[PDB]
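Heads up, the thing below is written out as structure tokens.
Each answer follows from the model by the rule given with it, or from the source it names; no laboratory instrument gave them. When we count neighbours, we look across all protein chains shown, and the Cβ atoms used for this are built from the backbone with ideal geometry, even at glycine.
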Amino acid sequence: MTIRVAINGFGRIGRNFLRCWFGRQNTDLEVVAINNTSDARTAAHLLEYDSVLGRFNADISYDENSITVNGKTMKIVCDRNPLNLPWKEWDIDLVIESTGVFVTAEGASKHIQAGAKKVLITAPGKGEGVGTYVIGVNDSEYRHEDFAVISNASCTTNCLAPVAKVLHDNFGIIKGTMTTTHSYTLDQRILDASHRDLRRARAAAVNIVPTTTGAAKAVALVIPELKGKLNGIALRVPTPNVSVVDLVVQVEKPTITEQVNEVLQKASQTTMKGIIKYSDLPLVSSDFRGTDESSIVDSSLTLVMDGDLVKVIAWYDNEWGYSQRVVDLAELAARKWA
Amino acid sequence: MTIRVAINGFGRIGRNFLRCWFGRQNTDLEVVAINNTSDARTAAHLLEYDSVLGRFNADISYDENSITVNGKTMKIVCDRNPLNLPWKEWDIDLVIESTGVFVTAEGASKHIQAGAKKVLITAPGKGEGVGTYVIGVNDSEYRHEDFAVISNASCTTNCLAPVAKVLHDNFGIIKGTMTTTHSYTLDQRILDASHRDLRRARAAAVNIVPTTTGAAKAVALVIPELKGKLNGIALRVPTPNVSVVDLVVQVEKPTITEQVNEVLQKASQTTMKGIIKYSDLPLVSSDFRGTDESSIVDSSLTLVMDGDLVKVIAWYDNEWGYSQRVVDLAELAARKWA
Amino acid sequence: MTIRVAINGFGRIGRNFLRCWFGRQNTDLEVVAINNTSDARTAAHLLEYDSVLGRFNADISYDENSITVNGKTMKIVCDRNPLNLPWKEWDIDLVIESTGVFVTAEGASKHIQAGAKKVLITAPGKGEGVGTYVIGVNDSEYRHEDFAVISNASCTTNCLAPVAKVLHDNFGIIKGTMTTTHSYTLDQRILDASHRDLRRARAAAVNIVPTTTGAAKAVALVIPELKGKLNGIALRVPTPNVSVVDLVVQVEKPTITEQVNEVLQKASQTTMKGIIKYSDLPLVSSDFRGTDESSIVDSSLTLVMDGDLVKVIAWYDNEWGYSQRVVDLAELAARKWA
Amino acid sequence: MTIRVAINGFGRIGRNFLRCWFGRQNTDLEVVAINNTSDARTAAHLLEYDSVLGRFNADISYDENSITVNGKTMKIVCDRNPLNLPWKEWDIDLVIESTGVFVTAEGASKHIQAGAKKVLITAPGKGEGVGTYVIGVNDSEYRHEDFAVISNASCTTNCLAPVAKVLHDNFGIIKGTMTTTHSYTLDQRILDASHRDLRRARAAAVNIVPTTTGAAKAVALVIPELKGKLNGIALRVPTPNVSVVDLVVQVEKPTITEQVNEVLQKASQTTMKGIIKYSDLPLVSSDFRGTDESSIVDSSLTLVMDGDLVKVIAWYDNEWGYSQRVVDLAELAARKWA
Amino acid sequence: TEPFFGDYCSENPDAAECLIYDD
Amino acid sequence: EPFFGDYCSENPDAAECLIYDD
Amino acid sequence: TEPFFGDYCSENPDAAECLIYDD
Amino acid sequence: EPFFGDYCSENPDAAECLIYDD
Ligand SMILES: NC(=O)c1ccc[n+]([C@@H]2O[C@H](COP(=O)([O-])OP(=O)(O)OC[C@H]3O[C@@H](n4cnc5c(N)ncnc54)[C@H](O)[C@@H]3O)[C@@H](O)[C@H]2O)c1
Ligand SMILES: NC(=O)c1ccc[n+]([C@@H]2O[C@H](COP(=O)([O-])OP(=O)(O)OC[C@H]3O[C@@H](n4cnc5c(N)ncnc54)[C@H](O)[C@@H]3O)[C@@H](O)[C@H]2O)c1
Ligand SMILES: NC(=O)c1ccc[n+]([C@@H]2O[C@H](COP(=O)([O-])OP(=O)(O)OC[C@H]3O[C@@H](n4cnc5c(N)ncnc54)[C@H](O)[C@@H]3O)[C@@H](O)[C@H]2O)c1
Ligand SMILES: NC(=O)c1ccc[n+]([C@@H]2O[C@H](COP(=O)([O-])OP(=O)(O)OC[C@H]3O[C@@H](n4cnc5c(N)ncnc54)[C@H](O)[C@@H]3O)[C@@H](O)[C@H]2O)c1
């Protein structure tokens, strides 16, 4: 058991990944270190009173150099440079890459050159030589041996993938396209302010901000039979949390909604057990907080065109939803470690 | 020339409309009275003051039964059953139906009855018996004597419209899908309290809200050739205006990306000069306020997959861009008001 | 003894009542039937999924004539007029009047002349002849054979009271005022539409609406001695829940903050043990959700001026910290029935 | 004469000012260079695109390394370090300190070290050695031979001060307090993120977050006669603009509500015309957008409590407005130059 | 000011118009 | 339709049966 | 109690983890 | 990238350099 994990960036998701681990039955991961652009109080009194999660029902202490949830202590490190991070010295199997920054393959390796023995990134992985892997997609196609750097993709895709999957091991997707009408993040300024992206520059809790996304094209990188069959778009909007995808797809075998719906049903019950939720109700976004799935079908809104052309809609907690998906990737690497 | 007009529905398409008419340097109709579940004082205030379109710049005032702008004193009413609206007695050639209730054919007529002559439906029209005309798309065939009961369809249907068309013209459409993100509109609830459509019951402001639409099967009316080819849906996010549309259309005449946007700029000026604004810039919501066009393509977003599967994003100011496609249709009248 | 309870208007105030009571260990009441303007199809729902209170964890199902909440069943009806209400024929000891209209001293007795022993109110008690009680204030003065028409009172007055009371005895108030930044209630339009308070007409999501109140003269009551001493008002704002109160009171007895907060921390183990809470922490609205308390104080923010001027601040869940004084009061009556 | 200026802090306020100038009738200024942490495509943009304000009326052009604006063209330089700045070499006379960071004279020297010859801060003075003005309080004790280190202090205080003025005058403040209700500012965070003030660290759209302010006693610096006599605090709320000061203050020449609310009728049109306004109307934050006055009084609210207790409410547009308290000031130096 | 909001607010006060919560 | 179908047919502009084809 | 934000707020006094606008 | 390619380089955790591929 115990492989030993450190969390880079105590970021949203990164705390979200914590509350997610903790409250789990059991594990082979031990959250043991945690470094932020912050001090330990600041990072302490944030695991607790959280905007969208609510206050943690928990016993949390803090000293000047680490905290303690339920008398189980992990670490506080104030330093940005991932190299200048004590990984062999603290004996570290794995690293949660939730800075939102070191998400490449090179920069990224910077925990490996620090002494951590493997890299797990909370973001699409940009660059060469990385084993981005999607639970209940290729969750099984993972060998500890392969890559030093794996990523658990993006909010969206972890919701988008365990879907397209089904659609294909079934009806056969010819083409596609996508759009996720999505909850606003921190790559947006509260006010129109200077930025790389003139949209992310633009004040967020007031606007509807198309942002290009790759959460689409990258579904090739887990369901190979898909390579460049999907390319999506991202409207961004003053809910702080949660989102849902407008997936459309052509096929070469025809059908209609009921089949479509019911095929997921099974999936929410059989194949994708625990991965996909199913919804025959008139719900709304803040209903889907806390959700331990990655893809909530809402057959309600499912449609179908001329028999062959399809369109689905699933909600996914951008935040907690994902962070689970990671305890689902971290765990793996633990129960196959060497 | 000077045909007499009035408004049941001085609320939103109400003011917008009017502020919009008093905002024409050359105008065919004389709006004379307004019936509104408010008093005069009030209808006065709200024409004047706006949280979206700021203030009105115009000399304004009132007494206990009329409201005065720059000169035109108009008449404020207080009645619910339109039959009991003094139509006849005031030679009201033209009635504005912006209450969002009398959108029944049958609900339309109770203006004729009480004593009016022609009534306009600022929304889709219910059941048999109404001309449904989209400016710059089929307005080609407006003839006074055709139907006396006409609709301007939905904010959204309007968007779908010109684009649908030019799509039909240059590559013509087989079938697609529609996904509008829309801004909250007063039929929702601020926060949760009862409502027959149980999504519409949910707190508009803090909550992605999904609702029915037929505002897309709201095509054929204006396009004979497009009979139930493209069904959409919609989602109601937290901003009080300005909305964008997500099309997705398997075209038959094979095509590529910027050759589509080619046409949008062709048409942007050719046929649609003043219908579609054409937009490569990188913009969000608060950039289409005050905006007159209707369909408003975000070009830098279009996304042809496998040559066939076009995807095009489209803006619009739902309130305002419509409160002109009315005051245009509305003008169309006085020029065949035979 | 169980006194058997009916609920009129399943509002916010009326759905939270149900969740809180329906929650506690030992309860003295028995909820039996609720009068909203809504089928049981819908009430299940708005009780089941609060936009704010997050999923409700419980065995809830509906028929056409009642809602079932984990085992227990209460009948649901659609009657607007109290008098048609089958109360006597349902052995209804106490009803809750919270449609917020029959808030009259009179009309709310239409409930009684519809069968019911005693009727509760959830807003101020306007017009003469009506009981008001601030739980843990005058609550000491409760007399079944005093009124049949009680009142928990404004969401702000129950926050107010357990404050001024406290100061008036320790130091003593000469006079004051207050103001509260306020969660945006259901009585001010989602957008700019007709209304009787020109401000409320205005879209609370997008603005800052100040409005009148009698939440203060209101204190000039259950605290007799504060007679026409404190007034003021409040502003409402785009936070769907939990409001918060800045109190400005003179006194006849000079002090210093560090003690001011000490006496207060006092009434947070004594006379108000469960009425007032306490943050030495640095929080922000969303931090006080699900908070079973009448007045939250931030020690810190607190501030003295010369000794005879006191700025005091109180949080509060407008929706819930109140639906637990109602519950409380309710169960009060239930224990001193007859 | 007609001197040269610099803008150091081309963010929300920076641009505001810029547009503030480019509106005006008459100019004793000419801008020609802004230091920003951006590029010039960027500078152009938020100048001509703006959630709050709205696109600029103008032909607006940029190039690799500067922008032009309807002729009057300004140079664009990117330096976090002020000391490597080209002022002496471009003979910039006055610099606008609107990065909002060099509050202390310390950072205000480094531009003068850099060859510019005076400097106005868009934020409070820090440490000593720094000048301080607000039109109306002491627009008059102005002397060029005093400091080249000056500020309008802050938004908030522009409201407090002009107001506080008459209040000592015709009544003679003994003491008070005040709560400044206030939309948010680019110092917070859209979502829970790290930060030194723990309040300012949590999602700024979905909480009333309290922050600590100097706009308080630090108003004893234009009328020292309020030397630590006010104080008060700050409450932030989900608007992205406009805001209001909840003032209260004891007196020794006492009053009725309409007394002062009549006083403020006088100052409006006289001593304080252009520095204050006077709405009695039913209004909210959105209407006051773009209001040049430093304080705006909603009559309705102004109150008493046994003659001496006085309370008034002052809308400022902390962005736009605060600028026209600046732009103005920039033109008190340019005018009085040597 | 009761040409309206009162002779109408006497009758249908559940309304989008008449709801006063003495908050 | 159980409740709403009718009430809404009788107070049709009432805050609760208000559908704008969006 | 500033065991991190002296140093950081001395190199980056404008990184959002740091700002203060004194309204 | 006449200012960004580096500024973000040398300061990547910059409010104005951050990019979350949602
Ligand atoms: N809701 C979500 O946040 C969400 C959903 C899906 C995917 N993701 C992934 O989440 C990542 C971050 O999202 P987030 O919510 O955590 O935003 P976040 O701001 O909360 O995470 C940023 C954190 O990283 C820290 N950080 C950055 N650079 C650092 C460095 N060099 N050293 C130490 N700490 C550093 C910062 O202090 C900050 O607290 C993104 O890259 C995105 O791909 C996020
Ligand atoms: N973005 C948009 O606003 C948009 C887009 C497309 C269509 N519309 C149309 O707006 C129309 C009306 O809703 P809205 O946008 O005007 O919001 P709204 O509430 O401002 O318009 C409703 C107004 O009508 C008044 N009213 C309702 N019934 C009345 C009656 N029987 N007699 C007198 N007055 C009455 C209401 O009090 C209110 O002032 C809808 O039918 C919808 O189709 C709006
Ligand atoms: N924070 C608060 O919301 C708050 C605080 C203090 C006091 N109050 C008082 O609470 C009372 C209820 O407020 P609320 O939040 O429950 O408003 P609400 O609209 O959310 O709840 C009212 C419910 O009663 C229903 N109803 C309306 N007319 C009816 C009728 N004729 N017969 C039966 N049912 C009817 C409504 O449709 C709604 O579902 C208000 O009077 C308010 O002043 C509220
Ligand atoms: N509420 C208001 O809008 C308001 C009112 C009055 C005063 N102020 C004061 O205005 C100042 C700035 O606030 P703002 O509202 O304009 O936010 P802002 O961040 O948008 O303006 C700051 C701009 O300065 C630039 N900048 C940042 N750091 C820099 C640096 N080191 N060197 C050069 N340029 C840099 C950035 O491009 C940024 O956009 C603060 O001191 C604040 O207290 C704000």
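For segment A:78-122, the candidate set comprises residues that are within 18 Å of residue A:186 (Cβ to Cβ) and in contact with a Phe, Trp or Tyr (Cβ under 8 Å, 6 or more places away or on another chain); within that set, the residue that is nearest to ligand 4 (Cβ to nearest atom) is A:100. Among the residues of segment A:287-338, write down those that are facing another protein chain (nearest Cβ under 8 Å), more than 17 Å from residue B:235 (Cα to Cα) and either surrounded by fewer than 24 Cβ atoms within 10 Å (Cβ to Cβ) or more than 15 Å from the chain's Cα centre (by Cα) (or both). Across segment A:287-338, the qualifying residues are A:289, A:290, A:305, A:306, A:309.
Does residue A:34 satisfy the condition of being assigned to a strand (DSSP E or B) and under 15 Å from residue A:16 (Cα atoms)?
Yes; evaluated as a whole, the condition is true for this residue.
Restricting segment D:1-45 to residues that are surrounded by fewer than 21 Cβ atoms within 10 Å (Cβ to Cβ) and without any contact (Cβ under 8 Å) to a residue 12 or more places away in the chain, the residue that is nearest to ligand 3 (Cβ to nearest atom) is D:23.
Evaluation of residue B:104 against the conditions (1) of a type outside the set (A, V, I, L, M, F, W, C); (2) touching a residue at least 24 places away in the same chain (Cβ under 8 Å); (3) within 14 Å of ligand 2 (Cβ to nearest atom) shows that the sole unmet condition is (2).
Only one of the numbered conditions (1) surrounded by 22 or more Cβ atoms within 10 Å (Cβ to Cβ); (2) in contact (Cβ under 8 Å) with a residue 12 or more places away in the chain is violated by residue B:284, and that is (2).
Within the bounds of segment B:283-299, is there any residue that is on the phi < 0 side of the Ramachandran plot, polar (S, T, N, Q), touching a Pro at 6+ places or on another chain (Cβ under 7 Å) and not assigned by CATH to the domain that holds residue B:20? Within segment B:283-299, one or more residues are on the phi < 0 side of the Ramachandran plot, polar (S, T, N, Q), touching a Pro at 6+ places or on another chain (Cβ under 7 Å) and not assigned by CATH to the domain that holds residue B:20.
Since residue C:61 meets every condition but one in (1) free of Cβ contacts under 8 Å to residues at least 24 places away in the same chain; (2) crowded, with 18+ Cβ neighbours inside 10 Å; (3) more than 13 Å from chain F (Cβ to nearest Cβ); (4) not charged (D, E, K, R), which condition does it not meet? The one condition residue C:61 does not meet is (2).
Taking the criterion of being away from every other protein chain (no Cβ under 14 Å) and in a helix (DSSP H, G or I), the residues of segment A:97-131 that qualify are A:109, A:111. Filtered by the rule that a residue be hydrophobic (A, V, I, L, M, F, W, C) and in a loop (DSSP other than H, G, I, E, B), segment C:278-299 gives C:281, C:283, C:284. If you go through segment C:89-136 and keep only what is of a type in the set (D, E, K, R) and buried (at least 23 other Cβ atoms within 10 Å of the Cβ), you end up with just C:97. If you go through segment A:46-58 one residue at a time, do you hit one that is more than 10 Å from every other protein chain (Cβ to nearest Cβ), without any contact (Cβ under 8 Å) to a residue 12 or more places away in the chain and not acidic (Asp, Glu)? Scanning segment A:46-58, I find at least one residue that is more than 10 Å from every other protein chain (Cβ to nearest Cβ), without any contact (Cβ under 8 Å) to a residue 12 or more places away in the chain and not acidic (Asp, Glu), so the answer is yes.
Quick one: which of D:259, D:269, D:265 is more than 30 Å from residue C:238 (Cα to Cα) and touching a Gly at 6+ places or on another chain (Cβ under 9 Å)?
The conditions single out D:259.
Determine whether residue D:153 is in contact (Cβ under 8 Å) with a residue 40 or more places away in the chain and closer than 20 Å to residue D:298 by Cα. No.
On inspection, residue A:304 qualifies as part of a strand (DSSP E or B) and in contact (Cβ under 8 Å) with a residue 24 or more places away in the chain. Being in contact with a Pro (Cβ under 8 Å, 6 or more places away or on another chain) and within 13 Å of residue A:7 (Cβ to Cβ) holds for only one residue in A:69, A:103, A:77, and it is A:77. Just to be sure before I move on: is residue D:134 of a type in the set (A, V, I, L, M), away from chain G (no Cβ under 11 Å) and either away from ligand 4 (no atom under 12 Å from the Cβ) or free of Cβ contacts under 8 Å to residues at least 60 places away in the same chain (or both) in the structure I sent? Taking the combined requirement at face value, the residue does not satisfy it.
Just so you know, in segment B:19-45 the residues that are within 13 Å of ligand 2 (Cβ to nearest atom) and of a type in the set (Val, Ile, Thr) include one that is farthest from the other protein chains (Cβ to nearest Cβ), and it is B:34.
Just to verify a result, which residue in segment E:1-13, among those that are within 7 Å of another protein chain (Cβ to nearest Cβ), more than 8 Å from the chain's Cα centre (by Cα) and surrounded by fewer than 20 Cβ atoms within 10 Å (Cβ to Cβ), is farthest from residue C:123 (Cα to Cα)? The residue in question is E:3. For segment A:70-82, check the following and say yes or no: at least one residue is in the same structural domain as residue A:9 (by CATH), part of a loop (DSSP other than H, G, I, E, B), basic (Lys, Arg) and more than 22 Å from the chain's Cα centre (by Cα). Yes: segment A:70-82 contains one or more residues that are in the same structural domain as residue A:9 (by CATH), part of a loop (DSSP other than H, G, I, E, B), basic (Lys, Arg) and more than 22 Å from the chain's Cα centre (by Cα). Any residue that is under 20 Å from residue E:21 (Cβ atoms) and within 14 Å of another protein chain (Cβ to nearest Cβ) - is there at least one of those in segment C:64-75? The answer is no, given that none of the residues of segment C:64-75 is under 20 Å from residue E:21 (Cβ atoms) and within 14 Å of another protein chain (Cβ to nearest Cβ).
Report, by residue number, each residue of segment C:73-98 that is among the charged types (D, E, K, R) and closer than 18 Å to residue C:39 by Cα. Those that are among the charged types (D, E, K, R) and closer than 18 Å to residue C:39 by Cα: C:75, C:79, C:80. The combined condition, being away from ligand 3 (no atom under 16 Å from the Cβ), under 19 Å from residue A:226 (Cα atoms) and not hydroxyl-bearing (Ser, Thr, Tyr), is fulfilled by residue A:139.
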